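The file final.cif contains mmCIF, C-alpha atoms and all ligand atoms:
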data_target
loop_
_atom_site.label_atom_id
_atom_site.label_comp_id
_atom_site.auth_asym_id
_atom_site.auth_seq_id
_atom_site.Cartn_x
_atom_site.Cartn_y
_atom_site.Cartn_z
CA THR A 700 -70.11 55.58 -101.65
CA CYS A 701 -68.28 56.00 -98.27
CA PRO A 702 -70.29 58.39 -96.06
CA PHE A 703 -68.87 61.64 -94.74
CA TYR A 704 -69.21 60.37 -91.17
CA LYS A 705 -66.59 57.61 -91.93
CA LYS A 706 -64.00 60.15 -93.14
CA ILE A 707 -61.63 62.19 -90.99
CA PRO A 708 -61.15 65.78 -92.40
CA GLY A 709 -57.58 66.79 -93.32
CA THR A 710 -56.08 63.33 -93.20
CA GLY A 711 -56.17 60.38 -95.59
CA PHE A 712 -57.79 58.38 -92.72
CA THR A 713 -61.11 56.48 -92.75
CA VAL A 714 -62.84 54.72 -89.82
CA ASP A 715 -64.63 51.39 -90.13
CA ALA A 716 -65.10 51.74 -93.94
CA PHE A 717 -64.08 48.47 -95.53
CA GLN A 718 -67.17 47.72 -97.67
CA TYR A 719 -67.00 50.40 -100.43
CA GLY A 720 -64.12 49.21 -102.62
CA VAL A 721 -61.06 51.46 -102.58
CA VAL A 722 -61.88 54.85 -101.12
CA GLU A 723 -59.99 57.47 -103.22
CA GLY A 724 -57.59 59.48 -100.98
CA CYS A 725 -57.34 56.94 -98.18
CA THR A 726 -53.81 56.06 -97.07
CA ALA A 727 -54.99 54.21 -93.91
CA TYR A 728 -58.07 52.31 -92.81
CA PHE A 729 -58.73 52.36 -89.02
CA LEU A 730 -60.79 49.47 -87.46
CA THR A 731 -62.39 50.33 -83.99
CA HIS A 732 -63.41 46.70 -83.26
CA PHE A 733 -64.03 43.20 -84.53
CA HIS A 734 -67.82 43.31 -85.08
CA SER A 735 -69.16 42.46 -88.49
CA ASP A 736 -71.00 45.68 -89.43
CA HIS A 737 -67.75 47.49 -88.79
CA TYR A 738 -65.29 45.05 -90.46
CA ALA A 739 -67.59 44.06 -93.41
CA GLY A 740 -65.47 43.74 -96.56
CA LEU A 741 -62.11 42.76 -94.92
CA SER A 742 -60.53 39.45 -96.20
CA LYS A 743 -57.14 37.83 -97.04
CA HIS A 744 -56.94 40.04 -100.23
CA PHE A 745 -56.74 43.44 -98.49
CA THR A 746 -53.40 45.12 -99.26
CA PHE A 747 -53.81 48.53 -97.55
CA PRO A 748 -52.72 49.42 -94.08
CA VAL A 749 -55.22 48.58 -91.31
CA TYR A 750 -54.57 50.17 -87.96
CA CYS A 751 -56.25 48.62 -84.91
CA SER A 752 -55.69 47.33 -81.36
CA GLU A 753 -53.45 44.28 -80.75
CA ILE A 754 -56.52 42.16 -79.98
CA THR A 755 -58.30 43.22 -83.12
CA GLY A 756 -55.04 42.44 -84.91
CA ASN A 757 -55.05 38.83 -83.62
CA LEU A 758 -58.70 38.42 -84.89
CA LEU A 759 -57.95 39.81 -88.38
CA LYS A 760 -54.94 37.48 -88.72
CA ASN A 761 -56.61 34.23 -87.38
CA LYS A 762 -60.35 34.57 -88.23
CA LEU A 763 -60.30 36.63 -91.45
CA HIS A 764 -56.74 35.58 -92.50
CA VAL A 765 -55.40 39.06 -93.38
CA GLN A 766 -51.62 38.95 -93.98
CA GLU A 767 -49.32 40.11 -91.15
CA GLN A 768 -47.80 42.99 -93.22
CA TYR A 769 -51.12 44.89 -93.64
CA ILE A 770 -52.02 44.80 -89.94
CA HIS A 771 -50.57 47.61 -87.84
CA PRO A 772 -51.41 47.03 -84.17
CA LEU A 773 -51.02 49.98 -81.77
CA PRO A 774 -50.83 49.94 -77.97
CA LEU A 775 -53.40 51.88 -75.97
CA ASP A 776 -52.76 55.09 -74.00
CA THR A 777 -49.68 55.82 -76.12
CA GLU A 778 -48.94 58.79 -78.40
CA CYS A 779 -48.16 57.32 -81.80
CA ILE A 780 -47.41 58.91 -85.22
CA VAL A 781 -49.29 57.47 -88.23
CA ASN A 782 -48.32 58.95 -91.64
CA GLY A 783 -47.22 62.13 -89.83
CA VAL A 784 -50.38 62.53 -87.71
CA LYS A 785 -50.34 61.99 -83.91
CA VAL A 786 -53.01 59.43 -82.83
CA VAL A 787 -54.06 57.77 -79.56
CA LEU A 788 -56.09 54.56 -78.99
CA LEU A 789 -58.21 54.46 -75.83
CA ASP A 790 -60.36 51.63 -74.33
CA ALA A 791 -63.93 51.92 -75.55
CA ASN A 792 -65.57 49.64 -72.81
CA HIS A 793 -67.35 47.79 -75.54
CA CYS A 794 -66.13 44.25 -76.56
CA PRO A 795 -62.54 42.87 -76.23
CA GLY A 796 -60.02 44.93 -78.35
CA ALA A 797 -62.55 47.74 -79.02
CA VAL A 798 -61.15 51.27 -79.14
CA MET A 799 -61.84 54.94 -79.46
CA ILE A 800 -59.39 57.02 -81.55
CA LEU A 801 -58.02 60.54 -80.78
CA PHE A 802 -56.83 62.40 -83.91
CA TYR A 803 -54.53 65.48 -83.46
CA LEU A 804 -54.75 67.39 -86.80
CA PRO A 805 -51.84 69.49 -88.23
CA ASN A 806 -54.09 72.60 -88.21
CA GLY A 807 -54.61 72.16 -84.38
CA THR A 808 -58.08 70.57 -84.50
CA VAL A 809 -58.59 67.60 -82.09
CA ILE A 810 -61.17 64.92 -83.02
CA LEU A 811 -62.49 61.93 -80.95
CA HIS A 812 -64.13 59.02 -82.69
CA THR A 813 -65.79 56.71 -80.11
CA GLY A 814 -66.32 53.71 -82.36
CA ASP A 815 -68.83 51.64 -80.32
CA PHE A 816 -68.58 52.52 -76.59
CA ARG A 817 -70.23 52.33 -73.20
CA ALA A 818 -69.46 55.66 -71.60
CA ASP A 819 -68.02 55.57 -68.12
CA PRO A 820 -66.76 58.11 -65.57
CA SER A 821 -63.29 56.46 -65.63
CA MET A 822 -62.88 57.98 -69.12
CA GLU A 823 -63.00 61.50 -67.63
CA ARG A 824 -59.52 60.79 -66.03
CA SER A 825 -57.82 59.37 -69.15
CA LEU A 826 -55.74 61.23 -71.79
CA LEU A 827 -58.96 62.96 -72.83
CA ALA A 828 -58.82 65.18 -69.71
CA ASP A 829 -55.60 66.86 -70.95
CA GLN A 830 -56.96 68.91 -73.91
CA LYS A 831 -59.93 70.34 -75.79
CA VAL A 832 -61.81 68.13 -78.26
CA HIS A 833 -63.52 70.04 -81.07
CA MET A 834 -65.29 67.29 -82.99
CA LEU A 835 -66.90 64.10 -81.60
CA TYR A 836 -67.98 61.21 -83.86
CA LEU A 837 -70.51 59.56 -81.46
CA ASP A 838 -72.10 56.10 -80.94
CA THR A 839 -75.73 57.12 -80.70
CA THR A 840 -77.21 53.53 -80.49
CA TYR A 841 -79.30 54.46 -77.40
CA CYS A 842 -79.68 58.24 -77.79
CA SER A 843 -83.27 58.44 -76.35
CA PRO A 844 -84.45 58.86 -72.74
CA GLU A 845 -86.48 55.60 -72.63
CA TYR A 846 -83.16 53.72 -72.90
CA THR A 847 -82.24 52.86 -69.35
CA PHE A 848 -80.56 49.66 -68.21
CA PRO A 849 -78.72 48.39 -65.13
CA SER A 850 -74.93 48.39 -64.58
CA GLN A 851 -72.94 45.44 -65.87
CA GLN A 852 -72.02 44.57 -62.28
CA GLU A 853 -75.75 44.40 -61.31
CA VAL A 854 -76.46 42.04 -64.19
CA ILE A 855 -73.51 39.72 -63.38
CA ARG A 856 -74.55 39.58 -59.70
CA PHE A 857 -78.08 38.37 -60.84
CA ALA A 858 -76.69 35.76 -63.23
CA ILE A 859 -74.24 34.31 -60.76
CA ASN A 860 -77.03 33.90 -58.10
CA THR A 861 -79.61 32.43 -60.47
CA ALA A 862 -77.17 29.84 -61.82
CA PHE A 863 -75.62 28.84 -58.51
CA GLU A 864 -79.05 28.43 -56.83
CA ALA A 865 -80.44 26.26 -59.63
CA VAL A 866 -77.38 24.00 -59.85
CA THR A 867 -77.13 23.61 -56.06
CA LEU A 868 -80.87 22.62 -56.03
CA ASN A 869 -80.39 20.24 -58.96
CA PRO A 870 -76.84 18.93 -59.64
CA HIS A 871 -77.97 17.50 -63.05
CA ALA A 872 -79.03 20.91 -64.46
CA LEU A 873 -77.08 22.40 -67.40
CA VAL A 874 -76.37 26.13 -67.89
CA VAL A 875 -76.39 27.29 -71.57
CA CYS A 876 -75.39 30.83 -72.68
CA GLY A 877 -76.23 32.32 -76.06
CA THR A 878 -73.64 34.08 -78.25
CA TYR A 879 -73.06 35.48 -81.84
CA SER A 880 -70.06 37.81 -81.76
CA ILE A 881 -67.35 38.85 -79.39
CA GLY A 882 -68.67 40.78 -76.39
CA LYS A 883 -70.28 39.93 -73.09
CA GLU A 884 -67.73 37.23 -72.09
CA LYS A 885 -68.09 38.22 -68.43
CA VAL A 886 -71.60 36.61 -68.39
CA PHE A 887 -70.38 33.08 -69.08
CA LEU A 888 -67.05 33.44 -67.28
CA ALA A 889 -68.70 34.70 -64.06
CA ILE A 890 -71.18 31.77 -64.17
CA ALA A 891 -68.43 29.13 -64.85
CA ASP A 892 -66.37 30.56 -62.03
CA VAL A 893 -69.13 30.33 -59.36
CA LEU A 894 -69.94 26.75 -60.52
CA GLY A 895 -66.34 25.44 -60.46
CA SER A 896 -66.35 24.59 -64.19
CA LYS A 897 -64.59 25.58 -67.42
CA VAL A 898 -66.86 26.78 -70.20
CA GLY A 899 -67.39 24.41 -73.10
CA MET A 900 -67.88 25.53 -76.68
CA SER A 901 -67.36 24.64 -80.32
CA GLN A 902 -63.94 24.72 -81.96
CA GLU A 903 -64.63 28.00 -83.88
CA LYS A 904 -65.75 29.80 -80.71
CA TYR A 905 -62.73 28.43 -78.76
CA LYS A 906 -60.48 29.81 -81.54
CA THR A 907 -62.14 33.26 -81.37
CA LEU A 908 -61.58 33.33 -77.56
CA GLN A 909 -57.93 32.25 -77.70
CA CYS A 910 -57.18 35.55 -79.68
CA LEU A 911 -58.47 37.91 -76.92
CA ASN A 912 -55.47 38.07 -74.48
CA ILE A 913 -57.70 37.04 -71.57
CA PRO A 914 -55.46 36.16 -68.56
CA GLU A 915 -55.29 32.43 -67.58
CA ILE A 916 -57.74 31.62 -70.41
CA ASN A 917 -56.51 28.00 -70.75
CA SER A 918 -57.85 27.32 -67.25
CA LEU A 919 -61.26 28.88 -68.05
CA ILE A 920 -62.36 27.30 -71.35
CA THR A 921 -62.39 23.95 -73.17
CA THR A 922 -63.66 22.18 -76.32
CA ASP A 923 -64.62 19.09 -74.28
CA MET A 924 -68.41 19.52 -73.73
CA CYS A 925 -69.02 16.40 -71.65
CA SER A 926 -66.53 17.61 -68.98
CA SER A 927 -68.21 21.06 -68.66
CA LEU A 928 -71.41 22.21 -66.93
CA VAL A 929 -71.57 25.65 -68.62
CA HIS A 930 -72.09 25.48 -72.42
CA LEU A 931 -72.04 28.17 -75.17
CA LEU A 932 -74.43 28.02 -78.13
CA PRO A 933 -75.24 30.12 -81.20
CA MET A 934 -77.88 32.67 -80.18
CA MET A 935 -80.10 31.37 -83.06
CA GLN A 936 -80.11 28.02 -81.26
CA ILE A 937 -81.37 29.53 -77.88
CA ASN A 938 -85.02 28.46 -77.99
CA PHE A 939 -87.07 25.43 -76.91
CA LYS A 940 -86.79 23.33 -80.10
CA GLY A 941 -83.01 23.93 -80.41
CA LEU A 942 -82.36 23.40 -76.69
CA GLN A 943 -84.37 20.16 -76.55
CA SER A 944 -82.24 19.07 -79.52
CA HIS A 945 -79.10 19.94 -77.57
CA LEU A 946 -80.37 18.30 -74.34
CA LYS A 947 -80.57 15.05 -76.32
CA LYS A 948 -76.98 15.35 -77.58
CA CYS A 949 -75.52 15.30 -74.08
CA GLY A 950 -76.89 11.73 -73.70
CA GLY A 951 -78.74 11.52 -70.34
CA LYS A 952 -76.17 13.53 -68.30
CA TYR A 953 -78.48 16.47 -67.55
CA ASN A 954 -82.29 16.70 -67.12
CA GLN A 955 -82.78 20.50 -67.03
CA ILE A 956 -81.27 23.43 -68.98
CA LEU A 957 -81.08 26.94 -67.45
CA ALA A 958 -80.24 29.32 -70.28
CA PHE A 959 -79.37 33.03 -70.56
CA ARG A 960 -79.97 35.34 -73.59
CA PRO A 961 -77.88 38.49 -72.99
CA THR A 962 -79.86 41.00 -75.03
CA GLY A 963 -79.44 44.75 -75.53
CA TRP A 964 -82.50 46.79 -74.60
CA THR A 965 -85.95 45.23 -74.89
CA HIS A 966 -89.28 47.09 -74.21
CA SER A 967 -89.66 45.17 -70.88
CA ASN A 968 -86.81 47.47 -69.54
CA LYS A 969 -89.50 50.21 -69.46
CA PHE A 970 -91.62 48.35 -66.83
CA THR A 971 -89.46 45.80 -64.88
CA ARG A 972 -86.29 45.83 -62.67
CA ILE A 973 -83.33 43.35 -62.63
CA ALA A 974 -84.27 41.81 -59.26
CA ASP A 975 -87.78 41.07 -60.73
CA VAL A 976 -86.83 39.07 -63.88
CA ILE A 977 -88.62 35.84 -65.05
CA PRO A 978 -87.92 33.23 -67.80
CA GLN A 979 -90.07 31.48 -70.43
CA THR A 980 -90.58 27.83 -69.38
CA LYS A 981 -91.60 24.88 -71.64
CA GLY A 982 -91.02 21.87 -69.41
CA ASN A 983 -87.51 21.49 -67.95
CA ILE A 984 -85.95 24.31 -70.11
CA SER A 985 -85.99 27.93 -68.76
CA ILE A 986 -84.64 30.92 -70.75
CA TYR A 987 -83.66 34.21 -69.05
CA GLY A 988 -83.30 37.42 -71.01
CA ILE A 989 -80.75 39.61 -69.21
CA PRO A 990 -80.08 43.20 -70.36
CA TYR A 991 -76.27 43.22 -70.37
CA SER A 992 -75.36 46.25 -72.61
CA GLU A 993 -72.04 47.08 -74.17
CA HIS A 994 -73.43 50.51 -75.44
CA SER A 995 -74.08 53.72 -73.41
CA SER A 996 -77.44 54.27 -71.78
CA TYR A 997 -79.00 57.67 -72.57
CA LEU A 998 -77.85 59.11 -69.21
CA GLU A 999 -74.32 57.66 -69.52
CA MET A 1000 -73.99 59.19 -73.00
CA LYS A 1001 -75.39 62.52 -71.82
CA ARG A 1002 -72.94 62.73 -68.93
CA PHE A 1003 -69.81 61.91 -71.04
CA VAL A 1004 -70.81 64.46 -73.69
CA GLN A 1005 -71.56 67.23 -71.07
CA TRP A 1006 -68.14 66.64 -69.60
CA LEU A 1007 -66.37 66.64 -73.00
CA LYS A 1008 -68.16 69.87 -74.18
CA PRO A 1009 -67.46 69.25 -77.91
CA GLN A 1010 -67.90 72.11 -80.46
CA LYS A 1011 -69.57 69.71 -82.88
CA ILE A 1012 -71.12 66.16 -82.70
CA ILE A 1013 -71.47 63.85 -85.70
CA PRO A 1014 -73.61 60.70 -85.16
CA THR A 1015 -72.42 57.31 -86.40
CA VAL A 1016 -75.59 55.30 -85.45
CA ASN A 1017 -79.24 55.66 -86.39
CA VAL A 1018 -78.34 58.07 -89.21
CA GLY A 1019 -80.32 56.45 -92.00
CA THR A 1020 -83.63 58.37 -91.41
CA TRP A 1021 -84.45 62.09 -91.18
CA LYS A 1022 -86.63 61.56 -88.12
CA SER A 1023 -83.83 59.90 -86.11
CA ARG A 1024 -81.39 62.57 -87.25
CA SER A 1025 -83.75 65.36 -86.16
CA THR A 1026 -84.54 63.77 -82.82
CA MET A 1027 -80.87 63.32 -81.99
CA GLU A 1028 -79.95 67.01 -82.79
CA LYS A 1029 -82.68 68.06 -80.35
CA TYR A 1030 -81.02 66.17 -77.50
CA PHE A 1031 -77.58 67.56 -78.38
CA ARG A 1032 -79.07 71.15 -78.22
CA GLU A 1033 -80.79 70.51 -74.80
CA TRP A 1034 -77.53 69.07 -73.45
CA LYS A 1035 -75.53 72.03 -74.65
CA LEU A 1036 -78.07 74.61 -73.29
CA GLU A 1037 -78.25 72.86 -69.90
CA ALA A 1038 -74.50 72.73 -69.52
CA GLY A 1039 -73.60 76.15 -70.98
CA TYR A 1040 -71.11 75.14 -73.73
NI NI B 1101 -70.09 46.83 -81.80
#
Could you spell out this file's structure in structure tokens?
Ligand code: NI
Amino acid sequence: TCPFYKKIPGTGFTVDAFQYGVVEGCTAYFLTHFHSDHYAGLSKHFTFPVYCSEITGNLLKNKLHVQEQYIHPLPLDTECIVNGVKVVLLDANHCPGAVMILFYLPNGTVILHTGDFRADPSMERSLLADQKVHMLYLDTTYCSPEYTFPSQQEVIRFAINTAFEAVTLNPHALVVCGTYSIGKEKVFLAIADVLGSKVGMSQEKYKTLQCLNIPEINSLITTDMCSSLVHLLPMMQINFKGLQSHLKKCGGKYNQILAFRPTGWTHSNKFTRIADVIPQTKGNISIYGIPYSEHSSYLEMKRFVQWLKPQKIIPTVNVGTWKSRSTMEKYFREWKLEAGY
């Protein structure tokens, strides 16, 4: 049964709740972003309204094959009425097309649902700054003080330098980047751009990217592998056995792979900086793990929440155990007591 944290009080609106069958009472299913835990259940045989961003719209139409009539795309930063309730979509700073939703209830209650987000100070000068938010449905993926990681800009700077050095030392080296969903496109586009290449990828991954409204994208990507010295692979395939395999397939055009695995947090964040990173090396294949996050660090989350000063916080991540639930409530109480709300 659909959990209470996927339902919006006093509306017939649900958020990211496509895997339960029909939810009784629901006039409208919101989708925050095209990631599979959130969309799970959507297919060509959905005949209820889905509201989402334009980009998420393109992905539902072309990858899942949902029929045009059930997809309602909304623009961002625009007051819109949806079944007689004012709503706003705001950039979540997560993956392409990912949004937060502002709900203005008839009773006067204002509710913010973050979907998945990476909190940023630029959000403090958006439409959010204009009025009080009473209820916050919060992405708590990294709600614990151990979770630190660098800025996205720091990580891209590292990647660009690594790749450029290695290719300028050895012009027959190949850069591979791992992938499994949308998200983190800056990693491979930054590398490609320093190296004067397009990025080469399978037909399914090329199709996924052509839905994202990226500017000049036709100049940045291709399905012709041979012509490209930055390649995308399934993240499953980023290991020595699978890379070796792939190094064969190129047919004596490259002698060395330099690969990146953009991970979330890993326990080596607790003891090592970004300037001091090292790969695993089995011959001519090296594999970097780089902690490029599209979720809030603990301190980023804490700051956005202490600015917002919400009357109530409902977690949407790590809610399946009583220990996580209890631990999270503790942080919300400290935050509130520190900040005086
Ligand atoms: Ni996500």
**Study point:** Polymer residues at most 6 Å from residue 812 of chain A, all atoms listed in the file, same-chain spacing of 3 or more positions, as a PyMOL selection string
**Key:** chain A and resi 799-800+835-836
Review point. Between atom CA of residue 951 of chain A and atom CA of residue 879 of chain A, what is the spacing in Å?
Key: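 The value is 27.2 Å.
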Per residue of chain A within 8 Å of ligand NI 1101 (chain B), note the shortest atom pair and the distance in Å to one decimal, counting all atoms listed in the file, and order the rows by chain and increasing residue number, as a tab-separated table.
residue	atom	partner	partner_atom	distance
A:732	CA	B:NI1101	NI	6.8
A:733	CA	B:NI1101	NI	7.6
A:734	CA	B:NI1101	NI	5.3
A:736	CA	B:NI1101	NI	7.8
A:737	CA	B:NI1101	NI	7.4
A:793	CA	B:NI1101	NI	6.9
A:794	CA	B:NI1101	NI	7.1
A:814	CA	B:NI1101	NI	7.9
A:815	CA	B:NI1101	NI	5.2
A:816	CA	B:NI1101	NI	7.9
A:993	CA	B:NI1101	NI	7.9
Review point. Using all atoms listed in the file, which of A:902, A:963, A:1008, A:709 sits nearest residue 1037 of chain A?
Key: A:1008
Point to revise | Polymer residues at most 9 Å from segment 918-922 of chain A, only C-alpha atoms, same-chain spacing of 2 or more positions, as a PyMOL selection string | key: chain A and resi 888+891-892+896-902+905+908+915-916+924+926-927
Practice item. Do a neighbour search on residue 942 of chain A at 9 Å with only C-alpha atoms, toss out local chain neighbours closer than 4 positions, and write the hits as a ChimeraX atom specification. Key: /A:875,936-938,946-947,956,958,984
Point to revise | Length of the atom CA of residue 758 of chain A to atom CA of residue 717 of chain A vector [Å] | key: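 Spanning atom CA of residue 758 of chain A to atom CA of residue 717 of chain A is a straight-line distance of 15.6 Å.
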Review point. Looking at all atoms listed in the file, which of A:1010, A:847, A:710, A:860 is the one that sits closest to residue 785 of chain A?
Key: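 Closest candidate: A:710.
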Point (-81.5, 17.6, -66.3), cut-off 10 Å, counting only C-alpha atoms, residues as a short mmCIF file (atom, residue, chain, number, x, y, z; two decimals) with C-alpha atoms, keeping the file's coordinate frame:
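Result file is point_36.cif:
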data_model
loop_
_atom_site.label_atom_id
_atom_site.label_comp_id
_atom_site.auth_asym_id
_atom_site.auth_seq_id
_atom_site.Cartn_x
_atom_site.Cartn_y
_atom_site.Cartn_z
CA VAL A 866 -77.38 24.00 -59.85
CA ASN A 869 -80.39 20.24 -58.96
CA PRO A 870 -76.84 18.93 -59.64
CA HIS A 871 -77.97 17.50 -63.05
CA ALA A 872 -79.03 20.91 -64.46
CA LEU A 873 -77.08 22.40 -67.40
CA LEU A 946 -80.37 18.30 -74.34
CA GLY A 951 -78.74 11.52 -70.34
CA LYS A 952 -76.17 13.53 -68.30
CA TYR A 953 -78.48 16.47 -67.55
CA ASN A 954 -82.29 16.70 -67.12
CA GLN A 955 -82.78 20.50 -67.03
CA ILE A 956 -81.27 23.43 -68.98
CA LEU A 957 -81.08 26.94 -67.45
CA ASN A 983 -87.51 21.49 -67.95
CA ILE A 984 -85.95 24.31 -70.11
#
Exercise for review: Record the distance separating atom CA of residue 757 of chain A and atom CA of residue 788 of chain A, expressed in Å with one decimal.
Suggested key: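 Atom CA of residue 788 of chain A lies 16.4 Å from atom CA of residue 757 of chain A.
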Practice item. Write out as a PyMOL selection string which residues come within 9 Å of residue 907 of chain A when counting all atoms listed in the file, dropping same-chain ones fewer than 3 positions away. Key: chain A and resi 758+761-762+881+902-904+910-911
Cut-off 8 Å: closest segment 921-1034 of chain A/segment 703-708 of chain A atom pairs per residue, using all atoms listed in the file, as a Markdown table:
| residue | atom | partner | partner_atom | distance |
| --- | --- | --- | --- | --- |
| A:1013 | CA | A:704 | CA | 6.9 |
| A:1014 | CA | A:704 | CA | 7.5 |
| A:1015 | CA | A:704 | CA | 6.5 |
Check your understanding: Quick one: of A:854, A:832, A:789, A:837, who's nearest to residue 808 of chain A, counting only C-alpha atoms?
Key ->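 For residue 808 of chain A, the nearest of the given residues is A:832.
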Review point. A:876, A:730, A:810, A:1036: which is nearest residue 988 of chain A, counting only C-alpha atoms?
Key: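 Among the listed residues, A:876 lies closest to residue 988 of chain A.
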Point to revise | Shell of 12 Å around residue 700 of chain A, only C-alpha atoms, local chain residues under 5 positions omitted, as an NGL selection string | key: :A and (705-706 or 716-723)
Atoms are missing here; could segment 719-734 of chain A be completed with N, CA and C atoms and written as a PDB file, in the frame of the given file?
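Produced file out.pdb, reproduced below:
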ATOM      1  N   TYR A 719     -66.663  49.483 -99.324  1.00  0.00           N
ATOM      2  CA  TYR A 719     -67.000  50.400-100.430  1.00  0.00           C
ATOM      3  C   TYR A 719     -66.153  50.219-101.698  1.00  0.00           C
ATOM      4  N   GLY A 720     -65.239  49.244-101.690  1.00  0.00           N
ATOM      5  CA  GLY A 720     -64.120  49.210-102.620  1.00  0.00           C
ATOM      6  C   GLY A 720     -62.997  50.078-102.072  1.00  0.00           C
ATOM      7  N   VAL A 721     -62.094  50.513-102.950  1.00  0.00           N
ATOM      8  CA  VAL A 721     -61.060  51.460-102.580  1.00  0.00           C
ATOM      9  C   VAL A 721     -61.751  52.816-102.407  1.00  0.00           C
ATOM     10  N   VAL A 722     -61.414  53.504-101.332  1.00  0.00           N
ATOM     11  CA  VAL A 722     -61.880  54.850-101.120  1.00  0.00           C
ATOM     12  C   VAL A 722     -60.738  55.745-101.620  1.00  0.00           C
ATOM     13  N   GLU A 723     -61.025  56.608-102.598  1.00  0.00           N
ATOM     14  CA  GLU A 723     -59.990  57.470-103.220  1.00  0.00           C
ATOM     15  C   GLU A 723     -59.504  58.496-102.189  1.00  0.00           C
ATOM     16  N   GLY A 724     -58.189  58.568-101.977  1.00  0.00           N
ATOM     17  CA  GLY A 724     -57.590  59.480-100.980  1.00  0.00           C
ATOM     18  C   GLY A 724     -57.119  58.823 -99.690  1.00  0.00           C
ATOM     19  N   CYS A 725     -57.586  57.601 -99.447  1.00  0.00           N
ATOM     20  CA  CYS A 725     -57.340  56.940 -98.180  1.00  0.00           C
ATOM     21  C   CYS A 725     -55.999  56.237 -98.170  1.00  0.00           C
ATOM     22  N   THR A 726     -55.078  56.717 -97.339  1.00  0.00           N
ATOM     23  CA  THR A 726     -53.810  56.060 -97.070  1.00  0.00           C
ATOM     24  C   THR A 726     -53.876  54.983 -95.978  1.00  0.00           C
ATOM     25  N   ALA A 727     -54.943  55.000 -95.168  1.00  0.00           N
ATOM     26  CA  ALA A 727     -54.990  54.210 -93.910  1.00  0.00           C
ATOM     27  C   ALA A 727     -56.422  53.985 -93.467  1.00  0.00           C
ATOM     28  N   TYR A 728     -56.762  52.716 -93.281  1.00  0.00           N
ATOM     29  CA  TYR A 728     -58.070  52.310 -92.810  1.00  0.00           C
ATOM     30  C   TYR A 728     -58.013  51.932 -91.330  1.00  0.00           C
ATOM     31  N   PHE A 729     -58.591  52.752 -90.460  1.00  0.00           N
ATOM     32  CA  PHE A 729     -58.730  52.360 -89.020  1.00  0.00           C
ATOM     33  C   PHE A 729     -59.891  51.343 -88.797  1.00  0.00           C
ATOM     34  N   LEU A 730     -59.699  50.372 -87.892  1.00  0.00           N
ATOM     35  CA  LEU A 730     -60.790  49.470 -87.460  1.00  0.00           C
ATOM     36  C   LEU A 730     -60.980  49.521 -85.918  1.00  0.00           C
ATOM     37  N   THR A 731     -62.112  50.095 -85.457  1.00  0.00           N
ATOM     38  CA  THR A 731     -62.390  50.330 -83.990  1.00  0.00           C
ATOM     39  C   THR A 731     -62.567  48.984 -83.250  1.00  0.00           C
ATOM     40  N   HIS A 732     -63.259  48.027 -83.880  1.00  0.00           N
ATOM     41  CA  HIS A 732     -63.410  46.700 -83.260  1.00  0.00           C
ATOM     42  C   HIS A 732     -63.897  45.609 -84.173  1.00  0.00           C
ATOM     43  N   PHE A 733     -63.611  44.378 -83.762  1.00  0.00           N
ATOM     44  CA  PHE A 733     -64.030  43.200 -84.530  1.00  0.00           C
ATOM     45  C   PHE A 733     -65.508  42.811 -84.397  1.00  0.00           C
ATOM     46  N   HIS A 734     -66.401  43.609 -84.976  1.00  0.00           N
ATOM     47  CA  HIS A 734     -67.820  43.310 -85.080  1.00  0.00           C
ATOM     48  C   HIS A 734     -68.173  43.531 -86.547  1.00  0.00           C
TER      49      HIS A 734
END
